[PDB]
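None of the figures in this text is laboratory data; all of them are computed from the coordinates on show. For neighbour counting, all protein chains shown are included, and Cβ atoms are generated from backbone atoms with ideal geometry for every residue, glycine included.
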Amino acid sequence: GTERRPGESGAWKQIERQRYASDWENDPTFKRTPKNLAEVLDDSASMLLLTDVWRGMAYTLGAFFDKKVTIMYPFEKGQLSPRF
Amino acid sequence: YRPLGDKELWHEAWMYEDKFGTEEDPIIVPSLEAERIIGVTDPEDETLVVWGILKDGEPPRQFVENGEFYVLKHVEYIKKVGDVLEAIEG
Amino acid sequence: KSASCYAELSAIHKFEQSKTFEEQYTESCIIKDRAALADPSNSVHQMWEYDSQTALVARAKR
Amino acid sequence: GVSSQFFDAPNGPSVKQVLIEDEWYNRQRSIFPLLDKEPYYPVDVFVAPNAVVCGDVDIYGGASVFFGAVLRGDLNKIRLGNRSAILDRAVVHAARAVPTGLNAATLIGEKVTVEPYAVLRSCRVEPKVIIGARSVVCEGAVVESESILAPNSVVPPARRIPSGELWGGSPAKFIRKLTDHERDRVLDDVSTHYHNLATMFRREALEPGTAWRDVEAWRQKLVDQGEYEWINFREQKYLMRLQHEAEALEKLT
Amino acid sequence: XXXXXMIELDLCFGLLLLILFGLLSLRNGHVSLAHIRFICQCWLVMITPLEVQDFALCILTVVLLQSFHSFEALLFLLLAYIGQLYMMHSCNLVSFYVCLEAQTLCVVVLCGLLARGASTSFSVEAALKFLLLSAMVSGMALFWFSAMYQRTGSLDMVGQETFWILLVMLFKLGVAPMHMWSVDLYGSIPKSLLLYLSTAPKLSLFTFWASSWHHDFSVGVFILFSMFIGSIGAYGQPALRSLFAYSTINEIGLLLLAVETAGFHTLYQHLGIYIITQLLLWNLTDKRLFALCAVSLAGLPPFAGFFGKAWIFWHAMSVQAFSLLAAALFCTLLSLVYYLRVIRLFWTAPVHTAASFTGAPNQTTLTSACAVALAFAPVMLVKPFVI
Amino acid sequence: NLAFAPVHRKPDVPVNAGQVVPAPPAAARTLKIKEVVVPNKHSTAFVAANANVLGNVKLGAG
């Protein structure tokens, strides 16, 4: 997802700001705080155990068993038009 | 009017007036009857109390020496200051 | 020049004199904390950055 | 034409300012700094409650400042030597510059005594010197040590006072040679006499006193009335500084 | 059963709690730590055994904790005191080495951290010099300890190898000609740390010597080195820091002389008097009392330095140690020159004392005036007291 | 605070520098003071806290 989190900011001014100011809370684009044990466990499953790498991994793995577009030059050529 | 902080809201001010009653400008005491007892302290001594009686329709009267002058006025309602005029907050 | 300079002096002395007691005590406490911060080895100086004028943390150092 | 406000103070600007005509009791401080110029006095200094001392003033040893005296070191640095006597209602002043070209600071040597009603301004006072009453030394003049200045004597600017002599007059002139005993002890005699008087006064110092009770009682009454006001000088100062920075930055481009 | 080892567990628990408490206090924007200081004093009180020497060292450190204001330096001093106290309990050379090296590392760190102003560079240089020489001395001690471990096959501190253990013990007190590191330290480091150094490790090392040390040799030539060199240098050095450094060298030579002839009672009392004087020294704000330190060091009769040197001379004569006694007398005479010089420099001068500006108004009047009351000590001292 | 202290409004004395002001009601009711004259001081002016300025005084701007 496109949501943001405290500590996942890649800077110091912003990191130092968010750990010492709640300004990110006013921003709606930051994922809101968990409110129960269920939401805390969801957040833990989000951060630990990856679960973000896993999707792209699976898609790439499906690409492994997928077809290809490679052509065998010079025994195969491309497509061109008379205007060439 | 004196500062109404730390004053009970039903103490009926005129007692908390910001004036020293003189001969040419007395403090007007409101009353529900033609006579009323009021108490005035000595200006030079807080511990001494003189109680006097004011009567309706009389000249200004001074109770203690070098004290305020007073005139009674018969009214039908006495402003119970603390929710009558500071709720007005005029 | 006397007129100009003593006008400046009068303005500065009015500024110094027109301060309230509570403000002067605040200034004394600020000076106290600043001298407490004159120590380079003060434990706070690797965590909290203080304002010079008010001896209060403006931002963290790290 | 200077605003009475200072945003760049060493302690920050004053949020609320009080009119002098609104003062109902005097709050005169004996000793107080001037911006980033601060006093320097000995632990056993005698400062009369009605004396005036401010800013970058140096005082050494058993010196004394007596009733109603002024040491206004606002335009320069002021130094006071060891065991030096300043009697009632005298002024030690200075300027920004002097025609002589030396430091414009007013220097007072050790064991130098000053009678009441003297004006000192941008002069070098060598140690062991007597200063008379209604006597003034102008800017850039120098009084050598082991000297006695008569009262009601005028010392013009950039003048010299040779040592071991008695001088006086308006303008100052030679009178007689100080005797060797006068150089040896008498100057120190006056120094020790007035230092003893100053310490005598210091012995019965009931500081800070008890007069604050009535002011505290009035403030406590305001608290009972609730009209006594709370103001965070620190955070209000921070807001004022931020306002200064914002308004200044919003006027260049 | 661990039921007899509760207090060490208490030490560990208290250190952990102090770490967490100090961490938490720093997040609040606090700027002073007097609460931490008093808590540390309390923890020092609790971890102290019931020995007279233990309590003496504990209280000495307790007063010393008022002279520092940084949490980390407080921690370093606590750990150094732990090492010293356990050095008073070290029955083997392993723990002895560990305690010495912990104290050395703590001293180096404390000297390094608290510098300010342009003096910082010289403090760093002196600290690094002390670290290097301490490392080489420690390696020497380890080498000879291993040799003894091979020969004896036990933990007994006996045999010819103990001579080098004696040498290493000498090096920690600045025994001339292994004195110059002390002079270098006196040259730059601020007064509080030097105030620490003159009292605690010396006290702990003397106590450990008195409890668990014997050797089959002499140290008299080193005593001659210390006495003569310290006396001449303190005479010849115009710098006050180096003057007191060479004075300390002469005093530690006197203590070694007392050691060589046994009779540790005079050693103990003189060490206490000298530590009292050093405590009075490094917290001085008025200079009028500064000459009292000299007269309490120059052996002038009416004050404690004289009697402290006096019983030492008495015990030296008790064994008829004519040589070192005469040497001590001559060095005592040579002390008087620069002590009178000190008196001139800070007695026959105009009286002036700067006033405090950031509060803390003469923050050490109490300890100063208390240490001044040493002229009343000889009343109880003249009797057979310390024994 | 005697830097701003009143003086007596006299009939013969012409008030031209200060300004007559009503006395506090206590003064009038107690010891017969109806008119007092206080200095006319420009707000930009500055006076030290220990001076003795009383009555018919005008202070210029600055």
Q: Run D:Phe7 past the list (1) part of a loop (DSSP other than H, G, I, E, B); (2) within 7 Å of another protein chain (Cβ to nearest Cβ); (3) over 22 Å from the mean Cα position of the chain (by Cα); (4) not basic (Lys, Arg) and report the number of the one that doesn't hold.
A: (2)
(Q) Restricting to the stretch F:11-62, name every residue that is in a loop (DSSP other than H, G, I, E, B), aliphatic (A, V, I, L, M) and in contact with a helix residue (DSSP H, G or I) (Cβ under 9 Å, 6 or more places away or on another chain). (A) F:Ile33, F:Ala45, F:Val47, F:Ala48, F:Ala49, F:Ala51, F:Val53
Q.
Would you confirm, using the coordinates I've provided, whether E:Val107 is within 18 Å of the chain's Cα centre (by Cα), hydrophobic (A, V, I, L, M, F, W, C) and not in a loop (DSSP other than H, G, I, E, B)?
A. yes
Q) Which of (1) more than 14 Å from chain F (Cβ to nearest Cβ); (2) under 25 Å from D:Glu139 (Cβ atoms); (3) out of contact with any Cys (no Cβ under 9 Å at 6 or more places or on another chain); (4) not aromatic (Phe, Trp, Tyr) does D:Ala69 not meet, given it meets every other one? A) (1)
Q: Tell me which residues, restricted to the stretch D:16-28, are surrounded by fewer than 15 Cβ atoms within 10 Å (Cβ to Cβ) and under 19 Å from D:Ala69 (Cα atoms).
A: D:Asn26
Q: Please work out if E:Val386 is in contact (Cβ under 8 Å) with a residue 40 or more places away in the chain, part of a helix (DSSP H, G or I) and touching a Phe, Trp or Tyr at 6+ places or on another chain (Cβ under 8 Å).
A: no
Q) Scanning for something closer than 20 Å to F:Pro25 by Cα and in contact with a strand residue (DSSP E or B) (Cβ under 9 Å, 6 or more places away or on another chain), does the stretch B:72-80 turn up at least one residue? A) no
Q: Scan the stretch D:19-65 for residues that are farther than 24 Å from F:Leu2 by Cα, not in a strand (DSSP E or B) and not β-branched (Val, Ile, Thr) and report the count.
A: 10
Q | Among the candidates B:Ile28, B:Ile88, B:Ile78, residue that is part of a strand (DSSP E or B) and either loosely packed, with under 10 Cβ neighbours inside 10 Å or of a type in the set (A, V, I, L, M) (or both) | A | B:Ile28
Q | Residues satisfying the stated conditions in the stretch D:1-51, i.e. hydrophobic (A, V, I, L, M, F, W, C) and over 26 Å from C:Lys32 (Cβ atoms) | A | D:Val2, D:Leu19, D:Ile20, D:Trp24, D:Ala48
Q) Looking at the stretch D:236-246, is at least one residue in a loop (DSSP other than H, G, I, E, B), more than 14 Å from chain B (Cβ to nearest Cβ), among the polar types (S, T, N, Q) and surrounded by 10 or more Cβ atoms within 10 Å (Cβ to Cβ)? A) no
Q | Scope the stretch C:32-55; condition free of Cβ contacts under 8 Å to residues at least 12 places away in the same chain, more than 7 Å from chain E (Cβ to nearest Cβ), surrounded by fewer than 17 Cβ atoms within 10 Å (Cβ to Cβ) and over 22 Å from E:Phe76 (Cβ atoms); matching residues | A | none
Q. If the Cβ limit is 7 Å and pairs must be 6+ apart or interchain, which residue in the stretch D:28-50 that is within 14 Å of chain F (Cβ to nearest Cβ) and over 20 Å from D:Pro13 (Cα atoms) pairs with which residue that is surrounded by fewer than 16 Cβ atoms within 10 Å (Cβ to Cβ) and among the small types (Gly, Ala, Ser)?
A. D:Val47/D:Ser30; D:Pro49/D:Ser30
Q: Out of the residues in the stretch E:18-35 that are in a helix (DSSP H, G or I) and under 29 Å from the mean Cα position of the chain (by Cα), state the one that is nearest to the other protein chains (Cβ to nearest Cβ).
A: E:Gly22
Q) On the given criteria, is D:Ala217 over 32 Å from the mean Cα position of the chain (by Cα), small (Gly, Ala, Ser) and surrounded by fewer than 17 Cβ atoms within 10 Å (Cβ to Cβ)? A) yes
(Q) For the structure I just gave you, tell me whether E:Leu78 is under 23 Å from E:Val108 (Cβ atoms) and free of Cβ contacts under 8 Å to residues at least 60 places away in the same chain. (A) no
(Q) Quick check on the stretch B:50-63. Is at least one of its residues closer than 24 Å to B:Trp10 by Cα and assigned to a loop (DSSP other than H, G, I, E, B)? (A) no
Q. Can you name the condition, by its number, that D:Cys54 falls short on among (1) under 20 Å from E:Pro361 (Cβ atoms); (2) free of Cβ contacts under 8 Å to residues at least 40 places away in the same chain; (3) more than 7 Å from every other protein chain (Cβ to nearest Cβ); (4) among the hydrophobic types (A, V, I, L, M, F, W, C)?
A. (1)
Q) For the stretch D:155-166, how many residues are touching a strand residue (DSSP E or B) at 6+ places or on another chain (Cβ under 6 Å) and either crowded, with 19+ Cβ neighbours inside 10 Å or of a type outside the set (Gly, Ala, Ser) (or both)? A) 5
Q: Say whether the condition of being within 7 Å of another protein chain (Cβ to nearest Cβ) and among the aromatic types (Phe, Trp, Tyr) is met by at least one residue in the stretch C:1-17.
A: yes
Q: Take E:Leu284 and decide whether it is more than 23 Å from E:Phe55 (Cβ to Cβ), in contact with a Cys (Cβ under 9 Å, 6 or more places away or on another chain), surrounded by fewer than 22 Cβ atoms within 10 Å (Cβ to Cβ) and not small (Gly, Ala, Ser).
A: yes
Q. So how many residues does the stretch A:3-57 have that are basic (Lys, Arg), assigned to a helix (DSSP H, G or I) and surrounded by 11 or more Cβ atoms within 10 Å (Cβ to Cβ)?
A. 1
Q. Just one of E:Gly159, E:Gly174 is touching a helix residue (DSSP H, G or I) at 6+ places or on another chain (Cβ under 8 Å), among the small types (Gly, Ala, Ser), closer than 20 Å to E:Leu128 by Cβ and part of a loop (DSSP other than H, G, I, E, B); which is it?
A. E:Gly174
Q | Neighbours by Cβ (under 6 Å, 6+ apart or cross-chain): first from the stretch F:9-26, free of Cβ contacts under 8 Å to residues at least 40 places away in the same chain; second of a type in the set (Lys, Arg) and in a loop (DSSP other than H, G, I, E, B) | A | F:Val20/F:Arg9
Q: Report, by residue number, each residue of the stretch B:5-20 that is of a type outside the set (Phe, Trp, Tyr), under 24 Å from F:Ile33 (Cα atoms) and surrounded by 13 or more Cβ atoms within 10 Å (Cβ to Cβ).
A: B:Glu17, B:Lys19
(Q) Can you go through E:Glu251, E:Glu260 and tell me which one is within 24 Å of E:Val382 (Cβ to Cβ) and of a type in the set (D, E, K, R)? (A) E:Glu251
Q.
Residues that are outside any helix (DSSP H, G or I) and either in contact with a strand residue (DSSP E or B) (Cβ under 7 Å, 6 or more places away or on another chain) or crowded, with 18+ Cβ neighbours inside 10 Å (or both): does the stretch E:242-249 have at least one?
A. no
